[PDB]
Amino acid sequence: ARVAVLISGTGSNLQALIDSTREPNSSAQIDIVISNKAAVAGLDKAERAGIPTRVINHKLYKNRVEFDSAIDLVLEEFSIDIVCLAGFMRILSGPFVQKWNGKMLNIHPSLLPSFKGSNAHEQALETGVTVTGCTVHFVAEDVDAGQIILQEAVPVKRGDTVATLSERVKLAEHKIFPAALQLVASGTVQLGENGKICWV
């Protein structure tokens, strides 16, 4: 299966996917990395790995639908089967999500359905949980509400900050995102017609 990875930043999840998809038994190959932001470290990681990159600046488009259409053009250019959102921080439009239904995965740094949104660690810390974690899910139109593929729990330590908690949770992200991508690329897991996850 041919994979696009979309990023907005550092790209540690991208790097874990590059490493995993290059193992001999990988059912996935990364053929393009797309960033909505220029000069982010994730682009360096892609280029060093010899993977093509495109920057599609969302600021340059009239609305969400036109931005998504620009992304979609590149996905078609590279005959992409599966999209991974790896630190990509834009909400996607309904028609784009619908087109890629069952083919697009996101990593989120909480145990969904807790702490949906763009500041999950801040929420976890404010709430005072002692266990958080991360989630890989299929992307649905409602943000962070799509069908869950894998999750991993991560303890919150007393005195944690966003810096220390995000560091600990990223170690788990780098485990489950490669595992989830392999499950979907191998056809082991799919989004069922009834909308629920199907292990074949």
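Quick note: we count residues from 1 along the sequence shown, nothing fancier. Think of the rigid core as the biggest set of C-alphas that the two forms share within 1.5 Å after superposition.
In 9 other deposited structures of this protein, superposed on the rigid core, the segment with the larger root-mean-square CA displacement between 123 to 131 and 105 to 113 is 123 to 131. Averaged as a root mean square over residues and superposed structures in 9 other deposited structures of this protein, CA distances to the shown form are larger in 114 to 122; the pair compared was 114 to 122 and 71 to 79 with a core fit. Averaged over CA atoms, B-factors in the entry run higher in 136 to 144 than in the other of 136 to 144 and 155 to 163.
In this entry, 70 to 78 has the higher mean Cα B-factor, the comparison being between 70 to 78 and 120 to 128. When the Cα B-factors of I32, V169, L60, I149 are read from the PDB record, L60 comes out highest.
Reading the B-factor column for the CA atoms of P95, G102, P109, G87 in the entry, the top value corresponds to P95. Ranked by Cα temperature factor within the chain, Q182 sits in the lowest third according to the deposited record. Among all modelled residues in this chain, the alpha-carbon of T10 has a temperature factor (C-alpha) in the highest third.
Among all modelled residues in its chain, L191 ranks in the highest third by Cα B-factor.
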